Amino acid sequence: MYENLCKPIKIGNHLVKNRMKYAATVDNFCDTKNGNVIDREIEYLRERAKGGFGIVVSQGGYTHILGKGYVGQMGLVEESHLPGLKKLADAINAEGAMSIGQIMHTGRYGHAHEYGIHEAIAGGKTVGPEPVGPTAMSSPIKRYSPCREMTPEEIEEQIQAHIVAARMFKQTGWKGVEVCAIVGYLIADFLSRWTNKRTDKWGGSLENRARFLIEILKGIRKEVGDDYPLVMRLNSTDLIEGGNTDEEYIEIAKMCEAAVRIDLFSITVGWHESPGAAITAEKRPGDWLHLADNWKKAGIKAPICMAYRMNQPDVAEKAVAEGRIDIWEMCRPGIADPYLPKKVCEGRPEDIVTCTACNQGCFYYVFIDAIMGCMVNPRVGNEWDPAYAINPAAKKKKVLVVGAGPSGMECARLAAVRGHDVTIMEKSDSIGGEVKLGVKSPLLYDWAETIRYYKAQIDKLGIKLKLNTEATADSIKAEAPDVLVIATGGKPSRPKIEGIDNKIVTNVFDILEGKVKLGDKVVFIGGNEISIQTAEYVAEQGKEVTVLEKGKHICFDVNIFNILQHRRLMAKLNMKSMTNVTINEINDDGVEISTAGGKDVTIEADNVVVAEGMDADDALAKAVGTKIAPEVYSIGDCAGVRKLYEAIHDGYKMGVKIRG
């Protein structure tokens, strides 16, 4: 099947079994106190190695405390980090994967002070905990604090720290070393004309701006030797107004190959300060491949690998075939499904847990100093915890799952994988629950890949799927199961709003279910995630939409990465919104509201959508007590409304606990 993706390839002197690479992923799994590698991180990458990835890269390791940009970033500074580095390398090498250590000083994005650093040594002198860069300056956004200009001594020092960091990797069994010179970290800071305002040998012309990177490459090449694999990550476009152009990054790449032999180029897209889209669902697989074509036609000697929304094996396969790239790199797809490679080379892509790009468990959690997690993969960060082990339990109990939503299908999938006699009751004609409806939203198209997954596991696990069957207090008893899993989900709320009983009112479910004939002027009462996403679907059809939020901001329950995603879309669709508005009435023509200080104002509309919240659809659960079956359980939104992430987690936490 996926012949090209499974082809071998030599990276330097080391042969790689396939063309699938798991990219560096800082996940705060390391000890936040000192940057040492711990079991959580060891078992995390071990599973990615077991999964079949021909290459597994560690997270970006910080070469200096001032370069720590994540509360739990791996450290590459002192000898106290060697035991963990050797253990992690062996875990990856044992699985037949090429282990590669990444060296990453965050530079301008450092948060040493936020992590409790009062003072540090740099260039033989005491300094403050502020981040460092080639030029002292402030960030346009508040996340990154003002940086300090690096003395020429600190620059020479960091060249050595990279050399030493490469040594720590090689001497601990790592099969290769990767230099991280992307998205806005220290090296990228010197390469960019926007952040590098220096006039000495380290700044000015494109040659001087790239001197820092070249000296890091030359220094490491001498340290590791001509045989050791040396690769790097370099932007192909930084998406920064005033930064470097696409052809400049190509020229920089040429300079790197002229200085040392580059074994592999990982070309990236954008900076954390870029106002454009680089990794959100807005971008589809294959959109950035045109940048790879530029590097290939320009004569780049080393092979190239790319990622950034390349969550489709089909697209990657065609890419490797056409020579656009030489390796299919990926980070989020490797998080969502550690066994994606094994599933690809075994001709079973239908079993892939695809990445939806929710950016909640991975990007968002890591930037808020939290343990990384995954929406579709509840094992991320728990690969070490025996509580998530999947045990057989030869008893084989009879399990009845009520609700084919995400939580219900995750509970049944595992219970079936463990040998239980699972059955699912669905009152509708299709599985998916609210995911079946959200997939209609423009930015959630990936949710179709999720439906496919569960639809394929049910068909492969021989699970009893009873579609068009509304579970009642009688059918359950008739089925007489050993364990009852109630996953009815949630339903739209209906607050006490004068006139809410008017015909002009409708809820989210009816909209996405086509059980309503809307018009051209629509108004949504509620600025939460679900409400906004529903409006996007309404506007996509060519209709005027307005969102009314009583709170201070819209998209209040949206992660910081997706906030920028809705703005670009709500604006592209010409959508209006209002905050701090009081809902006073809903009549035939629309909804009457009031701002701060009276200011009564009507909103003429053809359809008013009450989408302020969701209610737990716990009707059935409360009708059948905990005595109807030897073991009764409620999971998902019916046991308390949460989001999709907490639903799949509840399902898997339930599928592995069904002992009897």
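A residue's number is simply how far along the shown sequence it sits, counting from 1.
Taking the recorded C-alpha temperature factors, which stretch has the higher mean, 33 to 41 or 605 to 613?
Of 605 to 613 and 33 to 41, the stretch with the higher C-alpha B-factor average is 605 to 613.
Residue range whose averaged C-alpha B-factor is higher in the record, 416 to 424 or 538 to 546
Averaged over C-alpha atoms, the B-factors run higher in 538 to 546.
From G75, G128, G347, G96, residue of greatest CA B-factor
Going by the entry's C-alpha B-factors, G347 comes out highest.
Which has the highest CA B-factor per the PDB entry: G225, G124, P495, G107?
When the deposited C-alpha B-factors of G225, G124, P495, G107 are compared, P495 is largest.
If you rank the chain by CA B-factor, which third does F556 end up in: lowest, middle or highest?
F556: CA B-factor falls in the highest third of its chain.
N587 - Cα temperature factor, lowest/middle/highest third of chain
CA B-factor rank for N587: highest third.
Thinking about Cα B factors across the chain, which third does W194 belong to?
Its C-alpha B-factor belongs to the lowest third of this chain's values.
What third of the chain does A639 rank in for C-alpha temperature factor, lowest, middle or highest?
Ranked within chain, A639 CA B lands in the highest tercile.
Based on the deposited C-alpha B factors for this chain, I'd like to know if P481 is in the lowest, middle or highest third.
Tercile = highest for this residue's CA B-factor.
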